[PDB]
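The next block holds one structure in the form of structure tokens; read it before the comments.
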Amino acid sequence: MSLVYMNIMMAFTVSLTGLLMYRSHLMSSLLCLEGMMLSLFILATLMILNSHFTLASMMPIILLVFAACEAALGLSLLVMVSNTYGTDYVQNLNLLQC
Amino acid sequence: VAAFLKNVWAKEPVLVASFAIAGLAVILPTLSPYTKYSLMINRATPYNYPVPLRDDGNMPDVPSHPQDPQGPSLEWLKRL
Amino acid sequence: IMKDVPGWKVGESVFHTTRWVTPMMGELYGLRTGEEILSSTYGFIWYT
Amino acid sequence: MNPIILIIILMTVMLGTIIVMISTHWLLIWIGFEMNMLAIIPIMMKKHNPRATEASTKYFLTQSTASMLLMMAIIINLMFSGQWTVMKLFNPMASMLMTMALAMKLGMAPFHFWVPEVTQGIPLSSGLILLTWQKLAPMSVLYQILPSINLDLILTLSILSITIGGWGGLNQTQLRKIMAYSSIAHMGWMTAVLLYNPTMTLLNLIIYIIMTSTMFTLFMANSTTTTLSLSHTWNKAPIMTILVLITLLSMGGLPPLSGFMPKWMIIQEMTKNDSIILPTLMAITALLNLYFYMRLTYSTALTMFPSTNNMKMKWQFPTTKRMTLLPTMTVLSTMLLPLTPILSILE
Amino acid sequence: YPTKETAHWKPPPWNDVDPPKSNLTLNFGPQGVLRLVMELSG
Amino acid sequence: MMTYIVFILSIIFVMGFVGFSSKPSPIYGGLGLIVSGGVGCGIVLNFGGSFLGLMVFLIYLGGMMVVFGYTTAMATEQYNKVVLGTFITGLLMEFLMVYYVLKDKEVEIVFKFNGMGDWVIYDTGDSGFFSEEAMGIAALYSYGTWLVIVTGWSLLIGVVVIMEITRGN
Amino acid sequence: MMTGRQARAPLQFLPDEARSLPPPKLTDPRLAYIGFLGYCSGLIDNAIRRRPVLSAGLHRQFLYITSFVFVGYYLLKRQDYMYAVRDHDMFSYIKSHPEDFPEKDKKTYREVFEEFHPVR
Amino acid sequence: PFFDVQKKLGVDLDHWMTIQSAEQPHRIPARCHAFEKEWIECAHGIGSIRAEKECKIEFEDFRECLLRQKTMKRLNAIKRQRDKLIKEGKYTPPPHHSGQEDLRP
Amino acid sequence: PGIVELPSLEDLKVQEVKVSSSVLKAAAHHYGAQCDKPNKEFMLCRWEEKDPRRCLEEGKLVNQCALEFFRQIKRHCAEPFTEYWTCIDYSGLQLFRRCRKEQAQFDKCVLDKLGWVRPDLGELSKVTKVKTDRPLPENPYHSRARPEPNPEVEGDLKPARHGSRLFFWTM
Amino acid sequence: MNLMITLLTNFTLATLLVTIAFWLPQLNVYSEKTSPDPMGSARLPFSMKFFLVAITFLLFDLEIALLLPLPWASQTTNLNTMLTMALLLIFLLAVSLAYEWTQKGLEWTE
Ligand SMILES: CCCCCCCCCCCCCCCCCC(=O)OC[C@H](COP(=O)([O-])OC[C@H](O)COP(=O)([O-])OC[C@H](COC(=O)CCCCCCCCCCCCCCCCC)OC(=O)CCCCCCCCCCCCCCCCC)OC(=O)CCCCCCCCCCCCCCCCC
Ligand SMILES: CCCCCCCCCCCCCCCCCC(=O)OC[C@H](COP(=O)(O)OCCN)OC(=O)CCCCCCCCCCCCCCCCC
Ligand SMILES: CCCCCCCCCCCCCCCCCC(=O)OC[C@H](COP(=O)(O)OCCN)OC(=O)CCCCCCCCCCCCCCCCC
């Protein structure tokens, strides 16, 4: 298939493996999650514009909006973590081992 | 129903204007005689090609030419 | 061009159907120059 | 929380799951999962302590990752099929990504690592919602895509879930982690019979929801979150020890109880398809689940652990908690096996 | 079953509430002329 | 070379993701995701998605990454080898992908990909006096009633959810 | 399994052809067992709230019995319907495909040789 | 559980965006409208198990419309052979493929 | 699969309408009025055959009837038409509303010297009927035969023989 | 294409002026300066209210993104449904603003 889809899928996998390998910050995790969403937006958009499927042109906007609301919720969770420990470090979130 | 209205117009005229304009926007298109013409103008706008019909022999309402009498007209739009 | 190639049907449809298929951009402008390609494939998008 | 806001948020959780159940477009499937997650996050942060925020953060990260993999599976389906019907998928890569995403949502092993944490971090009512209501929407999507699910993947996820949920509960004393590893084992049992007979998948889901709702309702009615506080129940309410006894013996699947009903039916559908090793090893692995159920029954019903003196004060007060549907759920989770051919209503 | 790895684990609190583990001070200096020390809370 | 321009943007797009997926700091990672959003917007714009690309600017970049950078600047108090090694690893894997799919005009990582410029897959007609993508987004109010209801309800509930969980009571 | 059958007429608990079936009797032993489950739910509801088990709230016990018999009657109707649909589809498929279901020639034991295994 | 509320109540919540061949605004066809209509009219009602093996030709034509893999493979082959013959000097392109022909209309 | 069947380059030769888009747009209403019949025969054939190769000759008739349209402008009213399409041609959107007096002179000159009446608002967007002699295509999509459906349900619904037959349950 | 040329020209002129503004007075040899804020060294205290107004911006910006195709959506032939859904989206943005009001979310940055 087309050549641009290779790069958009590879971008989704790069943002996947960034989201699946945390370093320290939860904000960097949320950025990798939104990179995954952005690559999904681009890939859906290039397909729907290519196929001239008219009714799905409203589809990526929807894919934006919900997920950005999702991002808002994630930011709020991070802030609550930051209001407990002072930092958004993922190693502070280890109390549920016992 | 009248003292409360003068009270909220004395205290909060921004919000009274807000709810009043919103109420007009809700109820007024159902009371307008020209809401029908919005629909009629949006369906009178020819974005697509008028794909003609095969003349089977019995279609008295479909014209053979644009300048024929039968067919949909737009006298109402030119006159209003 | 495709004379030396073994097992090549010239003008072979890639579709099983015999219905007319709308010609793709690379089908039409594949053998032409890059200026004609760009003017036909990004001309309206890049027009100002 | 404002009770009106609690009602609207629980109706939004239910609305998300129902939108997953009734929709014919994959975008509305993804929207129902997003609405479900977005609305269930305040249910987990109901008490506002750092364990609830940690649990909600872990839950958000796992469900968000699964939602992104779900949308990538949907988008690859749109690549290779040009449409959006919620039916079989038209690419094994999209099928693998959707099966992984739904395994992450269900918390099936090896994507199980959030389930005993999050259930520990949240109250008993929100843990009840997470272990009963949050299974319904991904099992519906797995119900509708089973002509495309890889057999080796779904059975690998099933046996890995059953074994890890068996061994995980043996080391626990916290009741919520026990119910979470019980969840992982039972989801393994549900997905092991999915490609053979999905009516038995629905049967196992319904009997599991009934038994889990009974055990969480007993834990809420007795206000016990640990084994050793559940062992004070005989000196406070002796009927509740009988109820946790019969319900834990049901959840292990001992006949003549109704929790013997699903797994037996699952074996009844896996030997028709010439699989003998797999349901036998599954049934032998479920003895671990029954072992830590027996540990809880020895702590609670069949012995009497020592109590404290202040228990004598609680003798003067009856339970004012609304024990909603607890006799109904207790009867249904124990005495339903003579009505086993009722399962045809799920066909 | 406590092992060497899981030996530092204590049981969780009974109400499942962990203990919570300030306000800003500003020096609006001499840069009439007045020095101000603010304790702000937002 | 200019016939490959969207492909070229996509390469930069992948490079931008190796910017923030390697996670240098959430603020440089925010900057890398902003640059990635701009070049992915350019990819969208060069197929004819004008409105969707301006949604990438106005709503993803100007709407959401503003809030990411805003929240991030209220943390991570102002003043690696794993980041640099991860960045050069992702860059070398991407340039090996470029080298293979340009030397062969075909590659297969998971799916088979052509190596021609992505102009070849387009349509050779006109859409008349409308953008088809604009009319498909305009159909959200005429054909997308259930989609509008569930999206607006999810946004209202999202307002309620953020106000419940950020209160602590 | 039968999900394509109940897909042209969806979300119907009891279809119209279910009215061709004999309904379960009111003295159905399955229905009497469901009424016994209602009585057990009434006794457990008195026990968990520390009421006298057999005496307290006879109206509540009778509503438990009535509700379980009421739900279980329709559940038994749908059960009998789904097994009727199962057998109808089976017999129609055996009738429409004779080449997959031939009549096996049944041989009497005068021809049928069985190997004798002596127990000694 | 696919509780088909939309067919039960007769409402249309999401069937309209489901396929490319549905009713579109301003009657805009998809690029693979005809192939998808033929694949759907082939595979309608006969079930998925029969639809995989009996409607394979329409589905392969529709997938090759969607992703254009055989078409781009053929264009790869023709362009590669042309570039090889230009490198060997045994071929010259015509004036209408060099841009010297004063285009048609 | 098969070999695509393309018409030859001789089959595509026709005398083109080599005028610019402002010339065409300035003459558009009278062109739709006068050249109605071969245009609608062509477009009916084009939406019925769904194949341009099957629509060539009618298309040539379009390209034959447009020229006879413009020659009859060139023989009689070349100068008001020239002034009018020049005024149309100045505008970057080619507005009709900027050019009403040159339009009025061209319409006057055509109505006096050729009797052509400019169509009113609404007429050119009408759906007309077309009398043809070519046959209606019985299979324009070139589709093969559909698969036979599954056999339906028929007959009365009998009860299940000896009940559920689930291991020991007699009902 | 002309847009990309114009963006490159604007970005190049901006980068040139920034380079001149950062490097034209570096040529002078003025003096080395030793040089040894309202908060001294206290860490930045987090404001919940700035985060809430940014999230309220984000959610209302998503609702705006839904509202943006209305000048195109007014051209439809299903105008009763279009008007109903337009008024419903603006009404749900108003209900979001009202709930943000009544639970004191718009307070001390009102
Ligand atoms: C003119 C219009 C009006 C006409 C009126 C005509 C009738 C007048 C009399 C009215 C009363 C009728 C009552 C129902 C008819 C008789 C049903 C019957 O016996 O079925 C025989 C049934 C099969 O025997 P059969 O010789 O082949 O059939 C004789 C008839 O043709 C049976 O007919 P069938 O073959 O068509 O039966 C169908 C099928 C026949 O059954 C089968 O195909 C075999 C499968 C049965 C279930 C096996 C499940 C195995 C795993 C669970 C084991 C349960 C644990 C044991 C109990 C734990 C403690 C409660 O039944 C079922 O599948 C239903 C499930 C069993 C329920 C039977 C009715 C119970 C009502 C009262 C419940 C009270 C508690 C009873 C004990 C609870 C457990 C049953 O017997 C058994 O399975 C043995 C278990 C005991 C059955 C219940 C006995 C009912 C009477 C109990 C009175 C004393 C209660 C003491 C206090 C409570 C317990 C502590
Ligand atoms: C039905 C049409 C659609 C309606 C919805 C769409 C409206 C569009 C505008 C959006 C407004 C969004 C925000 C609304 C919030 C309302 C609640 C509120 O503000 O309550 C508090 C306020 C007192 O303010 P306070 O809390 O003290 O704040 C400091 C300022 N003094 O309390 C008040 O000021 C009281 C406010 C309520 C009374 C307003 C009455 C206006 C009446 C106008 C005529 C009727 C119009 C028809 C509609 C019915 C209105 C009831
Ligand atoms: C194919 C299947 C399709 C779908 C079919 C239907 C599936 C139903 C799945 C049921 C899932 C139930 C989820 C949990 C209940 C949701 C509402 C809730 O949160 O209730 C708990 C509530 C909270 O009150 P609160 O005050 O917070 O309690 C803590 C102490 N202060 O109140 C309490 O704590 C009160 C204590 C008792 C609560 C008992 C609730 C039991 C609900 C489940 C009943 C059994 C399932 C229904 C029957 C079988 C259906 C399959």
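Identifiers for the structure tokens are assigned positionally: chains receive A, B, ... in sequence, residues are indexed from 1 per chain, and ligands are indexed from 1 in the order shown.
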
Can you work out which residues are within 6 Å of ligand 2, considering only C-alpha atoms and all ligand atoms, and then hand them over as a PyMOL selection string? (chain B and resi 12+15-16+18-20+22-23) or (chain J and resi 91+94+97-98)

*asked:* Just list as an NGL selection string whatever in chain H DSSP marks as helix (DSSP H, G or I).
replied: :H and (5-9 or 25-27 or 33-43 or 48-54 or 56-67 or 69-88 or 95-97)

- Task: Residues within 9 Å of ligand 1 should be enumerated using only C-alpha atoms and all ligand atoms and returned as a ChimeraX atom specification.
- Result: /D:255-258,335-341 /G:25-37 /I:168-171

Selected residues, C-alpha atoms, written as a compact mmCIF listing (two decimals), in the first residue's frame, please.
```txt
# COMPACT_ATOMS: atom_id res chain seq x y z
CA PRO D 255 -21.57 -29.17 43.12
CA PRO D 256 -24.48 -29.01 43.86
CA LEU D 257 -24.00 -25.24 43.83
CA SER D 258 -24.62 -23.00 40.85
CA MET D 335 -29.40 -22.96 44.45
CA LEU D 336 -29.61 -22.48 40.69
CA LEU D 337 -27.98 -25.70 39.41
CA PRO D 338 -31.29 -27.71 39.16
CA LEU D 339 -32.30 -24.96 36.71
CA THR D 340 -29.20 -25.41 34.54
CA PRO D 341 -31.16 -25.88 31.21
CA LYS G 25 -48.12 -25.42 33.53
CA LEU G 26 -48.60 -23.54 36.76
CA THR G 27 -47.76 -26.86 38.46
CA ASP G 28 -44.48 -27.11 36.54
CA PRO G 29 -41.91 -28.57 38.98
CA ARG G 30 -39.32 -26.14 37.65
CA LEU G 31 -41.74 -23.31 38.44
CA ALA G 32 -42.38 -24.81 41.88
CA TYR G 33 -38.63 -24.90 42.47
CA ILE G 34 -38.39 -21.22 41.49
CA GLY G 35 -41.19 -20.49 43.97
CA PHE G 36 -39.16 -22.35 46.58
CA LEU G 37 -36.23 -20.07 45.70
CA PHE I 168 -30.48 -35.92 32.87
CA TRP I 169 -33.10 -33.18 32.77
CA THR I 170 -36.40 -34.63 31.59
CA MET I 171 -37.79 -31.21 30.63
```

Q: Could you tell me, counting only C-alpha atoms and all ligand atoms, which protein and nucleic acid residues lie no more than 6 Å from ligand 3, written as number ranges by chain?
A: D: 125, 128-129, 132-133, 206, 210, 213, 217, 322-324

- [ ] Give me the residues within 9 Å of residue 100 of chain J as a PyMOL selection string, counting only C-alpha atoms and dropping any in the same chain fewer than 3 places off.
- [x] (chain F and resi 159-160+163) or (chain J and resi 56+95-97+103-106)

Selected residues written out, N, CA and C atoms, as a PDB file, in the first residue's frame:
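Okay, again.pdb is ready:
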```
ATOM      1  N   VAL F 159     -16.808  17.920  32.120  1.00  0.00           N
ATOM      2  CA  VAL F 159     -16.779  19.096  32.997  1.00  0.00           C
ATOM      3  C   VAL F 159     -17.129  18.705  34.430  1.00  0.00           C
ATOM      4  N   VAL F 160     -18.193  17.910  34.590  1.00  0.00           N
ATOM      5  CA  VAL F 160     -18.615  17.452  35.918  1.00  0.00           C
ATOM      6  C   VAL F 160     -17.536  16.588  36.573  1.00  0.00           C
ATOM      7  N   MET F 163     -14.560  18.679  37.742  1.00  0.00           N
ATOM      8  CA  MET F 163     -14.890  19.420  38.951  1.00  0.00           C
ATOM      9  C   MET F 163     -15.082  18.517  40.165  1.00  0.00           C
TER      10      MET F 163
ATOM     11  N   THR J  56     -10.924  24.223  31.929  1.00  0.00           N
ATOM     12  CA  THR J  56     -12.195  24.771  31.472  1.00  0.00           C
ATOM     13  C   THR J  56     -12.063  25.357  30.073  1.00  0.00           C
ATOM     14  N   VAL J  95     -24.910  24.893  29.686  1.00  0.00           N
ATOM     15  CA  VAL J  95     -25.082  24.066  30.879  1.00  0.00           C
ATOM     16  C   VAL J  95     -23.729  23.740  31.502  1.00  0.00           C
ATOM     17  N   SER J  96     -22.690  23.572  30.680  1.00  0.00           N
ATOM     18  CA  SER J  96     -21.340  23.403  31.209  1.00  0.00           C
ATOM     19  C   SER J  96     -20.873  24.656  31.938  1.00  0.00           C
ATOM     20  N   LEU J  97     -21.169  25.831  31.377  1.00  0.00           N
ATOM     21  CA  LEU J  97     -20.829  27.085  32.041  1.00  0.00           C
ATOM     22  C   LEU J  97     -21.630  27.282  33.322  1.00  0.00           C
ATOM     23  N   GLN J 103     -20.984  25.315  41.123  1.00  0.00           N
ATOM     24  CA  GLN J 103     -20.109  24.591  42.035  1.00  0.00           C
ATOM     25  C   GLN J 103     -18.834  25.369  42.333  1.00  0.00           C
ATOM     26  N   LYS J 104     -18.907  26.697  42.209  1.00  0.00           N
ATOM     27  CA  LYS J 104     -17.858  27.651  42.586  1.00  0.00           C
ATOM     28  C   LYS J 104     -16.552  27.417  41.832  1.00  0.00           C
ATOM     29  N   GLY J 105     -16.645  26.917  40.600  1.00  0.00           N
ATOM     30  CA  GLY J 105     -15.444  26.695  39.816  1.00  0.00           C
ATOM     31  C   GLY J 105     -14.854  27.979  39.284  1.00  0.00           C
ATOM     32  N   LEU J 106     -15.693  28.980  39.060  1.00  0.00           N
ATOM     33  CA  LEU J 106     -15.252  30.282  38.585  1.00  0.00           C
ATOM     34  C   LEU J 106     -15.141  31.233  39.773  1.00  0.00           C
TER      35      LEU J 106
END
```

I'd like the contact shell of residue 38 of chain F - 10 Å cut-off, only C-alpha atoms, skipping same-chain residues fewer than 5 positions apart - returned as a PDB file with C-alpha atoms, in the first residue's frame.
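This is the output file selection.pdb:
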```
ATOM      1  CA  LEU F   9       6.892  15.600   5.900  1.00  0.00           C
ATOM      2  CA  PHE F  13       6.732  13.512  11.544  1.00  0.00           C
ATOM      3  CA  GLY F  16       9.323  14.437  15.762  1.00  0.00           C
ATOM      4  CA  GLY F  32       8.588  17.973  19.926  1.00  0.00           C
ATOM      5  CA  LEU F  33       4.910  17.066  19.928  1.00  0.00           C
ATOM      6  CA  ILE F  43       0.479  16.017   5.772  1.00  0.00           C
ATOM      7  CA  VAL F  44      -3.289  16.432   6.285  1.00  0.00           C
ATOM      8  CA  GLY F  53      -5.536  20.584   9.565  1.00  0.00           C
ATOM      9  CA  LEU F  54      -6.819  23.776  11.119  1.00  0.00           C
ATOM     10  CA  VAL F  56      -4.891  20.217  14.431  1.00  0.00           C
ATOM     11  CA  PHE F  57      -3.713  23.793  14.913  1.00  0.00           C
ATOM     12  CA  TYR F  60      -4.795  19.984  19.217  1.00  0.00           C
ATOM     13  CA  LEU F  61      -1.962  22.523  19.253  1.00  0.00           C
TER      14      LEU F  61
END
```

- Item | Within 7 Å of segment 39-50 of chain B using only C-alpha atoms, minus same-chain residues under 6 positions, as a ChimeraX atom specification | /F:129 /H:26 /I:125-127 /J:75-77,79

Residues of chain F no more than 7 Å from chain D, counting only C-alpha atoms: send them over as a PDB file with C-alpha atoms, in the first residue's frame.
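Output (out.pdb):
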```pdb
ATOM      1  CA  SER F 154     -19.495  13.305  27.221  1.00  0.00           C
ATOM      2  CA  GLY F 158     -16.264  15.625  31.511  1.00  0.00           C
ATOM      3  CA  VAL F 161     -15.864  14.816  36.295  1.00  0.00           C
ATOM      4  CA  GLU F 164     -15.529  16.346  41.108  1.00  0.00           C
ATOM      5  CA  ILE F 165     -12.019  14.917  41.128  1.00  0.00           C
ATOM      6  CA  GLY F 168     -10.780  16.588  47.057  1.00  0.00           C
ATOM      7  CA  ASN F 169     -14.088  16.519  48.930  1.00  0.00           C
TER       8      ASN F 169
END
```

Could the residues of chain C that have an atom at most 9 Å from chain J be listed as a tab-separated table, each with its closest atom pair and the distance in Å to one decimal, counting only C-alpha atoms and ordered by chain and ascending residue number?
```
residue	atom	partner	partner_atom	distance
C:43	CA	J:1	CA	8.8
C:45	CA	J:1	CA	8.5
C:46	CA	J:1	CA	4.9
C:47	CA	J:1	CA	6.9
C:48	CA	J:2	CA	5.7
```

Any chance you can output those residues with C-alpha atoms as a compact mmCIF listing (two decimals), in the first residue's frame?
```
# COMPACT_ATOMS: atom_id res chain seq x y z
CA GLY C 43 -1.91 22.25 -8.12
CA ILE C 45 -4.07 22.38 -3.05
CA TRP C 46 -1.01 24.62 -3.46
CA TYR C 47 -2.94 27.33 -5.33
CA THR C 48 -2.59 30.17 -2.87
```

Could you produce a table of the residues of chain G lying within 7 Å of chain I, with the nearest pair of atoms per residue and their separation in Å rounded to one decimal, using only C-alpha atoms, ordered by chain and increasing residue number, as a Markdown table?
```
| residue | atom | partner | partner_atom | distance |
| --- | --- | --- | --- | --- |
| G:17 | CA | I:157 | CA | 6.7 |
| G:20 | CA | I:157 | CA | 6.3 |
| G:21 | CA | I:159 | CA | 6.3 |
| G:83 | CA | I:160 | CA | 5.6 |
| G:84 | CA | I:160 | CA | 4.5 |
| G:87 | CA | I:160 | CA | 5.9 |
| G:88 | CA | I:157 | CA | 6.6 |
```

Just write the chosen residues, C-alpha atoms, as a PDB file, in the first residue's frame.
```
ATOM      1  CA  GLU G  17     -44.181 -18.595  16.898  1.00  0.00           C
ATOM      2  CA  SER G  20     -47.473 -22.208  18.889  1.00  0.00           C
ATOM      3  CA  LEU G  21     -45.866 -24.014  21.797  1.00  0.00           C
ATOM      4  CA  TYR G  83     -35.050 -25.747  22.614  1.00  0.00           C
ATOM      5  CA  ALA G  84     -37.989 -25.945  20.186  1.00  0.00           C
ATOM      6  CA  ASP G  87     -34.848 -29.044  17.291  1.00  0.00           C
ATOM      7  CA  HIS G  88     -36.774 -27.374  14.455  1.00  0.00           C
TER       8      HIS G  88
END
```
